[PDB]
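Encoded as structure tokens, the structure appears first; notes follow it.
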Amino acid sequence: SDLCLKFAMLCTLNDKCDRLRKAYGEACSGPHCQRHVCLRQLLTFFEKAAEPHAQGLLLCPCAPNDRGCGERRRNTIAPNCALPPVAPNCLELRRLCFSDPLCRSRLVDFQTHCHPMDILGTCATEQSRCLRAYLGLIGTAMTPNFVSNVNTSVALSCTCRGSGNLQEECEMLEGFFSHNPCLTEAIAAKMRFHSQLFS
Amino acid sequence: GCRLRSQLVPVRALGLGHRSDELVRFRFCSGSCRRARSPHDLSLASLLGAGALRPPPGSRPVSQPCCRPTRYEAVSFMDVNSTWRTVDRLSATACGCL
Amino acid sequence: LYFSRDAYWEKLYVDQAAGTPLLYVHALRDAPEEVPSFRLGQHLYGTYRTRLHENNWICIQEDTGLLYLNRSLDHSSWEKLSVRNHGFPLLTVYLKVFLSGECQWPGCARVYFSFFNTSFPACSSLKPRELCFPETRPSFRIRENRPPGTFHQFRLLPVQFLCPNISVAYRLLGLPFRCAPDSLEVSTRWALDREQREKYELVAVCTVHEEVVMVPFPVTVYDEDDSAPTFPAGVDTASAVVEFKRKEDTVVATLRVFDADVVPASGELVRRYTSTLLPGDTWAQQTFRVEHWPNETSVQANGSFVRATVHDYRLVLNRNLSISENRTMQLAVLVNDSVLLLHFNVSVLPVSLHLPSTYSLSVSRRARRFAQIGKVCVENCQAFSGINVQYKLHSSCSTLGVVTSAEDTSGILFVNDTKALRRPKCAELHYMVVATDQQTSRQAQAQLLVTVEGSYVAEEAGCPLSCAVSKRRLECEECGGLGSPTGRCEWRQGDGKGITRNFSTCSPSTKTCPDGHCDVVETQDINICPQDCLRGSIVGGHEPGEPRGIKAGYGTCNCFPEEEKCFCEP
Amino acid sequence: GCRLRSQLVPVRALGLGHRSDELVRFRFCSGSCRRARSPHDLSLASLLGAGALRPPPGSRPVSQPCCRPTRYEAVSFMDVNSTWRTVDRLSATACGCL
Amino acid sequence: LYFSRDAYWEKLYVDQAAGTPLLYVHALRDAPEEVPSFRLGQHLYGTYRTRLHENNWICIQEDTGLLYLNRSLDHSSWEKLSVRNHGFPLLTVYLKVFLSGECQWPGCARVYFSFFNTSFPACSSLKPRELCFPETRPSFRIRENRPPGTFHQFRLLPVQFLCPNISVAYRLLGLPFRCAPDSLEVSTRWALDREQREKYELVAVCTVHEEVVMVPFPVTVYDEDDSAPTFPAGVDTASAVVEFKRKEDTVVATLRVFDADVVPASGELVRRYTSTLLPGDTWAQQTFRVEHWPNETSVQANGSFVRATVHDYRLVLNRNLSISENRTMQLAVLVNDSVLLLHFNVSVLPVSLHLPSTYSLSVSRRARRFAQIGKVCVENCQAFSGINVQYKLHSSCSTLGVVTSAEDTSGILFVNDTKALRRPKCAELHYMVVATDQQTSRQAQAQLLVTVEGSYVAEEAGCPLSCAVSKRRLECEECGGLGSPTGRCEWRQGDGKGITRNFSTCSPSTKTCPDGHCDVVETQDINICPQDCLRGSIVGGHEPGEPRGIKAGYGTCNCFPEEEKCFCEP
Amino acid sequence: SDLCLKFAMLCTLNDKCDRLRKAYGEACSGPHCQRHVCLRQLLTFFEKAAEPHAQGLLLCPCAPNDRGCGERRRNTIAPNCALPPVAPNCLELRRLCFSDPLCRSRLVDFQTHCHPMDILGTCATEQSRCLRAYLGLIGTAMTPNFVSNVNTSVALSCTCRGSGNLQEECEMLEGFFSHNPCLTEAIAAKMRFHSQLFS
């Protein structure tokens, strides 16, 4: 039994966390799934829970060859119902975030606290307030998820195909997820703590 | 007293075909209901005291009202293919004497 | 006018001198007339874009676009500002630079300043990696079809202002970009076209004192409409004849268009690339719309990948065509680019409604209600899409009855009564099968010779109405259900592979009931095919049928249709 | 099936203090209720199949819905002093799955 | 005029002769002027009083009242009638005999005829028991104070008409009844009085040929008003002084009247024996009604039992008398007989409202709410009936409280608060006990010196509110209830004799709660005395308390007052 | 176990008779008993039941010394609730019978079929239709019951005390119950059959 199951059962064994995890496991299940109820019970989970319970559940370590430890981690936020089936244009996905005033508040904190300050990996303010601004993006419209199942590269589900002339305004917005030194060293510092904590 | 319980069970141990690896909390009902007793209940518990009845073919008739749930809750998990499976109405939330 | 970049980076230190040159700015030309003017802002923004204090320290020269410290810095000013920072260690303030609210290119360019608690250090602590170029590498930005100009300058200005005793040289590597001698501005030779090359990643050579340092140098050539639409190499017209489908909306015929531009972006592509239907008969408007949607592909020019847009144009119908239409046309469409000419040939054919001359079918002589015997079909069964050919069964003893299933437009005939089946004088009948149309009156008929044949065994009294109330195999073929063809039922049993779509049950029609479709004959009664037509709870680990029913279930599934329940359980 | 019964019992054999000599017909409920089963009932009958639960202190929780009466009738007789004694609601008239 | 009997019996036979004498009738006189006239009916009634056929066969002579067959009988007539009998073997028809709808005495007399299928037999088959008298014996009927007359005749007329050759003699045994020689009518000598003798059962001697036969002979002397009311031998006046009772309706004083008549029967006794209240003050009407109801007794006169009526006359009040009334009167009543004089002396007294000078009571220092300590009572406790003396407890620390129980008009004092009991400075108090009246303002007060005394032990947290929720003995005296006097409870346990009124329970007050009265202090709360104040079901073999509660229960009875249930179970 | 219990259980063992006997055992019980519901369920019992079931239940044999066989028989029609507590005048009790047209129909048949025809004991019509007219009087206002518990003398619960002058009209109406040769030989012929039937 891997580590992404050990940190899932520690949310199961809690009273306060399993009651919240059952609330989005139910709204994100089956082929008749409903997306905007599936997302609304994710904001409530990563908002109204203890920070060591959420950060251990989502960001969890693995090996590169350990297939059933990354395949679960990709499927923890239930991407078959949360992420849309067709990949939209990645500037269009930001427009729907700017329209709702909760996703805008959750996005501006991530552009604040996890901005790539130095190309070595130095963050702007803290490498502790980076993941607090990061995990606030999960229940929103711009939900990031782990792309592969062998590594911890994380990006949106979006493409810059039909961009028109705003290619760099889209390539940098995707490079703020897949070419961030700050966010990658923050998630690496958290996974090197989770492989210290109950390993 | 007839009150609510709770426990931890595997999901392969439920016997509904869902193959998985997780644990779920499970609320069942238990207790005794000697305060919802009737005249027929004392009657049947004395007719089954000296064996005054021939017990019918099939089951035994129970004397006291059985302690049963009133409401249910759904139980959600992930399977071996890492897909979210829900089973509606698997765990209780409140018990009662019936 | 546009800036060559969008973000500028500079470092400030404690107690540096007044009039110290910080950086240049650059602005290219859209036209042979535009001269750049440069103004600063007034208030230093910070992290989360809030004004800290008015710029009393940085001034500008508009001529070369030079940023320079007028008043200087002390720790009292950097405690005056860092308390205003809403509680953060201050490493980024910025200003706006306009040339012609919120800073956005090509109007604005935001200039950062990363302050440090030290003064400017001595020259010995300057490694040559921070003597050539700044840490944050530039990313340049050139529109095509432009007057060639000057978009970058090399020298770090406070470095040579404060360490002038070290010689530093800069150079560049048939390319349009050149570096002038003894004046380190970088310039473009000729006007660029994106369609030849679109990304130039150059390398700039720096030499200090002695160390050679090189950095990347990205230049992204932008785009305009310098391209007209073109056939994909001489495929001028596709055509298609409507023969059988005739539904509401169907792709009939298709062509492609190859534009080489990208600029009509996804927001306003619908305003420009518009498909002008050239007119003709109003039947073309009543029956055709020319649907269109673009997609971008990539093509090679001289070793790179330049992208382009592909515009597909599809004839799509509008209504149910009737059968008896027999016409032909020439459907022309103009295509705009802000202009190409396309057309289609379309013919519409008549269709006859012939049936086979003689239908022949046996009937099992112990059959029950709603049993399917044989299919009746117009000669071309599964090719029609939008035609209503309803079947009625006229005689010349009522036993059979036809109801056309709407999916295939085939009539399935079923037994409606059992008492009228065993009669001795009606052992052979005559059912003129009649196949009528609905959007035209054109019907048809065909001849039948039925032979009701079999044994006769009366049934058991301990039988429920449905085959699927049964649980095991022996209680399936000894007891009759409702829609059975030969009085018995039939047991189907699958595998032991968990929740599978192939499960086990007792069914009347092993090819019609646990099939995936709640047929019309199956949805006649609640008892015929309950495990594929019910609307109830399925107690046990299941997976529901998608309109209704049981798609998959763990083990054996036995259903009570009178109580609306199923149990799925091994 | 969960259906109505009937029988003959003495009245001293009821255990309610009435001393007499007569016989009374007595209707009780019996049967099984496998058609009112729930998802929780299969769940609990499998968790009590492999012994996956620790059974709580007190009673055993029952899996199937118990077969209980719905309505009652009075029973009248004469005692040893030849006085008519009635006991209300001592014999059932209709059963059901609960 | 009245008949000497009410029913007459005669036998008819087949083919008897015309003009054959059947029977005489008799009718006595009310007066010296009345001569009896006799008419028959017209239609023979039958079983269930329905006319069969018109009398064509029996005629009458009005002079002696003789019934005789005019036309005669045959089997065709007795099949003409017996089919009309609604299907019965015919052994009784009858007629009416009037002398001055439905036959009732003293207007009518119904004459039976029992027909037989034989003819009249020969004389040899006549035993002398059916030669003297008929089978159904007569019962005679004589009013008193009448002219003496002739009420019976002996001879069986068709017997001597058809067997004349046998000599039969008849006689009677200081009696008024005599039998005349050579004329067998029976007559009365003098006018009778019922009050001397009322039943004469005589014996008539018959001699045939040779056999002596005697039969009973009842004569019931009827009645008139020949009697005036009389005191029961010189008891002329009873008197009674109203001192304490004063309720709405109470028997105060009583006399008796002895009439010797019976005739004013139960239907119309209220019209004749009427109690005329002779007047006086209107206070006598406001406060007295003279109630009266009769009863019949028996008394001996000359060895027999003659009955008579006894008329009791009782003063009964009407309203609640106030206390302060002080009067005296003479209440006279005339009594009618269709006339006697009765009276009463009635005095009404004042009553004072004095209380004892000093009340003295301890209080257990750990006591709970609603505990009864001691009774407070006006000096004459259980003798008053209609006075409201409500008690209020005025102080000069609220701990106690008095509420008068309405049954005894005694005030029971109870503890209302527990927090205000343990205070050190209020260890001795002053409760002026005040006993007020309601129909007069006259109140009273008395002095108290309370000593709150005891230990103090705090209670257990695992205690319910009631003592009677407990089941056994040890859970009774370790745990406190609600109305407890010393913090503990007390267990009472009875016998094993089945459903007994003396059963077992855990009670606060073993002398106040399982007692039979739901007292006012007991009905204060649901928890104090639930097994004598509840309104619920008692599951088990019980027997209910008659207002409410548990009168008797098999074994032990434990009650849940919050759920309103008791269990009675050993 | 005596005979008046054997013929009671034969009404218990029937389905048709115990359902009727339970209907007046319930309305004639307890100290709070109600009289006019207690009587209405007696007419229904002796009317809508089989004649061998009713005639065996009421008229049942015994010995003179057998106390618990006559004491039950006196208490079969539940006299503590059916018969009134105070004994009224016995001509008044006939008046309430004449007012209701069911008791009048039940009384006229008894004055028809059980009239004392001969002083030896010969009845008028049949000694079989005498008890059918007799048992129709039980649920009515003029309910007869066994007076003692040692013999089969049966009379009303009435007295001729306050009769006035109608003494013989009351004495004969009581002598139609306690001096009937016909009714006494009819009930004796029925008890001599019940001591032949299951003795």
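For clarity, chains are labelled A, B, C, D, E and F in written order, and residue numbers in each chain start from 1.
Definition applied: contacts are C-beta pairs under 8 Å (C-beta built on N, C-alpha and C of every residue); 3 or more make two chains touch, one makes a residue touch a chain.
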{"item": "Pair joined by more contacting C-beta pairs (B-E or A-B)", "value": "A-B"}
{"item": "Pair in B-E, D-E or B-C that repeats C-D, with over half of contact pairs matching by residue number", "value": "B-E"}
{"item": "Whole-Å gap between the CA centroids of chain A and chain E", "value": "98"}
{"item": "Chain centre separation in whole Å, for chain D relative to chain B (CA means)", "value": "18"}
{"item": "Between chain F and chain B, distance of the C-alpha-averaged centres to the nearest whole Å", "value": "58"}
{"item": "Set of chain D residues in contact with two or more other chains", "value": "14-16, 38-39, 42, 87"}
{"item": "Where chain E touches two or more other chains at once, by residue number", "value": "540"}
{"item": "Contacts with 2+ other chains: residues of chain A", "value": "none"}
{"item": "Those chain pairs that satisfy the touch definition", "value": "A-B, A-C, B-C, B-D, B-E, C-D, D-E, D-F, E-F"}
{"item": "Parts of chain D lying in touch with chain F, wherever the complex brings them together", "value": "8, 21-25, 73-78, 82-86"}
{"item": "Interfacial residue positions of chain E with respect to chain D in the complex", "value": "498-499, 540-541, 554-555"}
{"item": "Complex interface listing, chain D residues touching chain E", "value": "14-19, 87"}
{"item": "Residue ranges of chain C in contact with chain A within the complex", "value": "47-48, 88-89, 91-92, 135-136, 139, 141, 220, 222-223, 262-267, 294, 296, 546"}
{"item": "Interfacial residue positions of chain D with respect to chain C in the complex", "value": "35, 37-39, 42"}
